[PDB]
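A quick write-up on the structure given underneath.
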Number of protein chains: 2
Amino acid sequence: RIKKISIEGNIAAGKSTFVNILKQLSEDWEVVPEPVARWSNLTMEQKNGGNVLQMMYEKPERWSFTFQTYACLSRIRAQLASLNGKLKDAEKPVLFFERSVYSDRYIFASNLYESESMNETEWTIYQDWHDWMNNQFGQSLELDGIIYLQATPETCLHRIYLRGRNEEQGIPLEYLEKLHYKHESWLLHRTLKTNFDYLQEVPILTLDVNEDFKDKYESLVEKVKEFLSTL
Amino acid sequence: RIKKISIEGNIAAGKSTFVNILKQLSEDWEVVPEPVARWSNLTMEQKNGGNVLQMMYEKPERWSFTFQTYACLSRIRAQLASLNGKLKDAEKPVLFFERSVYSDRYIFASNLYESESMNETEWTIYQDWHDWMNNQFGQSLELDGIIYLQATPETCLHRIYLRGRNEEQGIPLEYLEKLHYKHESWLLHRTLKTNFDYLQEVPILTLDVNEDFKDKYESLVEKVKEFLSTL
Ligand SMILES: COc1ccc(-c2nc([C@@H](C)Sc3nc(N)cc(N)n3)c(C)s2)cc1OCCNS(C)(=O)=O
Ligand SMILES: COc1ccc(-c2nc([C@@H](C)Sc3nc(N)cc(N)n3)c(C)s2)cc1OCCNS(C)(=O)=O
Ligand SMILES: O=c1ccn([C@@H]2O[C@H](COP(=O)(O)OP(=O)(O)O)[C@@H](O)[C@H]2O)c(=O)[nH]1
Ligand SMILES: O=c1ccn([C@@H]2O[C@H](COP(=O)(O)OP(=O)(O)O)[C@@H](O)[C@H]2O)c(=O)[nH]1
């Protein structure tokens, strides 16, 4: 009954800002933030995530698999818990996912493999887990639609300094460009091959979010509302 | 419907010997062989198995987390298969697991952590991963009984050569000595309090497999049948 919409976008694309805006508008609207985001600041996960985040930065080809599996584990666990608890007795329930399990695997896990931070065995193992996981663990999480907060890797680099996380300051431009490339394959050119069948027939809303929208987001919300009404 | 029993014991204790004996004595009885043992001798899982297994020996401090995660997952999957693809409408169906998800954690993963082949984060993430993998996927796997095969480290080292595998050939005796202790404490002495409360209440049969029983096992088997009638 609860519709699941994933908000996809590059680093500092403005996903957290967009969903914070979206959540306030409708009582029937809720949001599952990306678990990794809370790691970048006390649970067992926070400490585990905190440590594994720092280790990841420091030595990626040692910690990509560990980080990536734990990241996706946490996402699934958070998104399931939001499905149960949140949005009780609402008439038109919408759950906005800050990124999805598919961005976990087909963007960030994929990028780390191709940037050699995971060897073949690790990539093969991760995928096998991921594939199996989303059958005997994460069936109810399948998306109804996708909101692609589309922006150039140039725009994204601009917004990284604005938030000021003494770790992301080190993130370069070619990195953004490769993440962007993989977004467009999956979400604009709809190129990317995925083992998930229903994804090829999942509605996608692409929003150009290069122009600042923090105080001017009505046009964006209007599209989302229009997008939702066709689901 | 299906009785689920875990056959436990140190490396080369005789577990595979015993389960293949049990196998041919009844069509109510079926076996779920161990993945890690299956890896040691090739599908997608087996191709991954051999590699991480091979790397696990070359560098335990690098690959223990990765190995323990895939071994447990490949086990959870494998016993799930038998549990849903066997013993249909059988009159007294029993399934004999070669080790369990508890052996994975509290025997092997725990000892690798103790041997500093996993750091705190890897080990805590695994425990986090373990708690949730087994509940949000493997509830139907709860054990109705455990059968402990007890052998000396010397007996095992023997049999390691007898079995042949030069990938495990000169397994240090002291390795066998520590695994032996963790088995003893969990199953016999019962000091090990797991995170699965019911394990402290699950009945345990203990069998001495020091003596060659390959052509003389009727006594052991009689104890199994008596044991099964209690469950
Ligand atoms: C060479 O060292 C690296 C060190 C760290 C990274 C990191 N990527 C990330 C995330 C983008 S991975 C991630 N996975 C998810 N599943 C979700 C999510 N939000 N983030 C870090 C937190 S750290 C990536 C690195 O390299 C990427 C390839 N080389 S590069 C930066 O373009 O010169
Ligand atoms: C130091 O080099 C090692 C090299 C290989 C291992 C291996 N352990 C194993 C298994 C016994 S771990 C295992 N975990 C499972 N979950 C299941 C299973 N069947 N086996 C291998 C297949 S390889 C273990 C190693 O050290 C383990 C600790 N030795 S010690 C003397 O206690 O410090
Ligand atoms: O329309 C926008 C979009 C982004 N930002 C800034 O860009 C940064 C990105 O923040 P956010 O966490 O939302 O990016 P995310 O990683 O979630 O995509 C923040 O400092 C925002 O203040 C902004 O000022 N206006
Ligand atoms: O009573 C026995 C049990 C074991 N074996 C041999 O010891 C080796 C290791 O036994 P097993 O694989 O059953 O031990 P596991 O590791 O499976 O617990 C095998 O080659 C068996 O042929 C034996 O000779 N007599």
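Values as computed for the structure displayed
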{"read-out": "Relative counts (whole %) of C-alpha pair distances in the protein assembly as shown, using bins that are 10 Å wide", "value": "4, 18, 26, 22, 15, 10, 4, 1, 0"}
{"read-out": "Overall form of chain B per C-alpha gyration tensor (a/c, 1.5; a/b vs b/c)", "value": "rounded"}
{"read-out": "Net +/- balance of residues flanking A:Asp144 in space, Cβ distance below 12 Å, scoring K and R +1, D and E -1", "value": "+1"}
{"read-out": "28 Å Cα-Cα threshold exceeded, pairs from B:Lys92/B:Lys216; B:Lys15/B:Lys47; A:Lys3/A:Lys216; B:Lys193/B:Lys214; A:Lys47/A:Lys225", "value": "B:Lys193/B:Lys214; A:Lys47/A:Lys225"}
{"read-out": "Identity and axial distance of the chain B residue whose Cβ lies nearest the axis relating B to A, Å", "value": "B:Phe137, 3"}
{"read-out": "Shortest-first nm distances, B:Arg190 label point to equivalent points in other copies (7 Å, Cα→Cβ)", "value": "6.1"}
{"read-out": "Selected from A:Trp29, A:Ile76, A:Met56, residue furthest toward positive end of dipole (segment A:1-80; charges at beta carbon)", "value": "A:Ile76"}
{"read-out": "With 10 Å bins from 0: P(r) over segment B:168-211, alpha-carbon pairs, percent", "value": "22, 44, 26, 8"}
{"read-out": "Distance histogram in 10 Å bins (all Cα pairs of segment B:1-53, percent per bin)", "value": "20, 43, 32, 5"}
{"read-out": "Residue exposure sequence - B:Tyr126, A:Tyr217, B:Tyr175 - by fewest surrounding Cβ within 10 Å", "value": "B:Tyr175, A:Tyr217, B:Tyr126"}
{"read-out": "Efficiency of FRET between A:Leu173 and A:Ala90 - r from beta-carbon atoms, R0 41 angstrom, step 0.05", "value": "0.45"}
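Cβ: placed from backbone, ideal geometry, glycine included. Neighbour counts: every protein chain shown. Since every read-out is calculated from the coordinates, none of them should be taken as a lab result.
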